[PDB]
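Below, all heavy atoms of this structure are taken into account, side chains as well, without hydrogens, waters or symmetry copies. Numbering of residues begins at 1 and proceeds along the displayed sequence.
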Amino acid sequence: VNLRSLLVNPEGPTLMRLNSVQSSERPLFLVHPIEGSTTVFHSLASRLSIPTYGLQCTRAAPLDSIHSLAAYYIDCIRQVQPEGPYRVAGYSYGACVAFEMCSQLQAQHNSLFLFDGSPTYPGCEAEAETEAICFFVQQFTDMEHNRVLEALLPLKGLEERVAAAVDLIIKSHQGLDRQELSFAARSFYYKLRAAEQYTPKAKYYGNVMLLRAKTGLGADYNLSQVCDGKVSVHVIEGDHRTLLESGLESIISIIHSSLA
């Protein structure tokens with residue numbers, strides 16, 4: 001169901017075309033939410049008049065930091081589009097990565113769309129990993145925090161937690177690929193770490209557009225804290241998850257009307 005769309009093929013391609021659009025215009029690149037899949041971008045892409053791609057997080061992506069992750073996604077991009085003027089958007093967690101990407105392209109005139117997300121929106125390894133994976137577990141099962149927390153806290157480290165987690169999950173959905181869950185659970189922790197440890201290097205002088213959800217740091221998601229250029233935020237109908245589904249019509253118009 002909704003759960004298999006929280007998993008990605010660890011060996012799948014990083015950059016995948018999301019719609020037919022044979023056009024010759026510069027494409028629009030969509031950066032995945034924290035779960036790594038470009039599934040949420042399916043509706044939006046199908047209803048877009050420009051070629052749009054998706055970036056998913058597979059085993060090939062370096063997660064030591066948002067900086068590395070962005071530099072790698074930039075490389076995947078330059079294969080489909082070698083030239084400078086880039087159009088990139090990032091959903092939720094992807095927002096931050098998309099920001100770092102355009103940010104690196106700057107230091108090295110691009111369009112940047114943030115779908116309800118932003119760069120904002122050492123001895124405690126154990127608790128961090130436990131809470132991360134504990135959370136991850138709750139997305140696939142019903143298990144109570146405390147019961148799950150009790151099973152993951154005393155474990156040696158990440159791989160034991162991931163394994164114990166994958167077991168708890170399968171004991172609820174036997175059909176889920178254990179290799180995917182295992183990769184999902186582990187990268188999930190690494191993605192959180194990289195994000196909750198990210199802080200823009202310099203100020204972004206480029207034009208940013210925040211498409212915020214209507215139903216819920218102040219209608220800016222702290223964008224102004226890191227941007228100098230034009231920061232325009234549109235309020236879309238729905239909450240964090242429904243926004244791209246019709247808050248989608250609004251978004252489709254806004255994106256269309258922007259990119260000439």
Do any N or O atoms from the side chain of [X] and from the backbone of [Y] form a donor-acceptor pair under 3.5 angstrom?
X	Y	value
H234	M209	no
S37	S5	yes
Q81	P85	yes
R59	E11	no
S92	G94	no
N207	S232	no
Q108	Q104	yes
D116	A213	yes
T242	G238	no
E249	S246	no

For [X] against [Y], the heavy-atom pair lying closest together:
X	Y	result
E100	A70	CG-CB, 3.4 Å
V31	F41	O-CZ, 3.2 Å
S250	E237	OG-OE1, 2.6 Å
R47	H256	O-NE2, 3.6 Å
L259	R87	CD2-NE, 3.5 Å
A45	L18	CB-CB, 3.8 Å

>> Does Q56 form a side-chain contact (heavy atoms from CB on, under 4.5 Å) with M16? I'd like the steps, not just the answer.
In response: CA-CA 8 Å; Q56 66 177 350; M16 69 228 263; 3.9 Å; yes

> Any ion pair linking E131 and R193 (charged N to carboxylate O, less than 4.0 Å)?
Replying inline: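 No salt bridge links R193 with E131.
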
> Does a salt bridge link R178 with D167, judged by any charged N lying under 4.0 Å from a carboxylate O?
Replying inline: yes

Quick one: do the [X] and [Y] side chains pair a donor with an acceptor below 3.5 Å?
X	Y	value
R78	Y86	yes
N19	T52	yes
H67	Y72	no

Between [X] and [Y], is there a shared hydrophobic cluster once you connect ILVMFWY residues whose side-chain heavy atoms come closer than 4.5 Å?
X	Y	value
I50	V80	no
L105	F113	no
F115	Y53	no
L6	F183	no
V8	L63	no

>> side-chain contact (heavy atoms from CB on, under 4.5 Å), that's the test. Do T141 and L168 meet it? Break it down for me.
In response: CA-CA 8 Å; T141 58; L168 283 166; 5.6 Å; no

>> Show, in sequence, the C-alpha distance, side-chain angles and deciding distance for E245 and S43, and conclude whether the side-chain hydrogen bond (donor to acceptor under 3.5 Å, both in side chains) test is met.
In response: CA-CA 7 Å; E245 220 46 283; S43 291; 2.6 Å; yes

> For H240, which of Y93, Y221, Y121 qualifies under ring pair (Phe, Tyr, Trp, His ring centres under 6.0 Å)?
Replying inline: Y121

> Can you check salt bridge (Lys or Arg N to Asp or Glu O under 4.0 Å) on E35 and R241, steps first, answer last?
Replying inline: CA-CA 13 Å; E35 49 270 35; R241 290 290 157 183; 3.1 Å; yes

> Can you name the one residue among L153, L158, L192 that meets side chain to side chain contact (heavy atoms under 4.5 Å, CB included) with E129?
Replying inline: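 Answer after filtering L153, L158, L192: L158.
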
>> Checking side chain to side chain contact (heavy atoms under 4.5 Å, CB included) between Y204 and each of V231, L112, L223, which is the one that passes?
In response: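 Of all the options given, the one that passes is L112.
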
Would you say that [X] contacts [Y] through its side chain, given a criterion of any heavy-atom pair below 4.5 Å between the two side chains?
X	Y	result
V40	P33	yes
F99	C227	yes
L7	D177	no

> Given the rule in the side-chain hydrogen bond (donor to acceptor under 3.5 Å, both in side chains) test, do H109 and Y205 qualify, once you have shown the distances and angles that lead to the verdict?
Replying inline: CA-CA 9 Å; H109 58 297; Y205 299 82; over 6 Å; no

> Yes or no on side-chain hydrogen bond (donor to acceptor under 3.5 Å, both in side chains) for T38 and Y91, after CA distance, side-chain angles and deciding distance?
Replying inline: CA-CA 9 Å; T38 55; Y91 170 51; over 6 Å; no

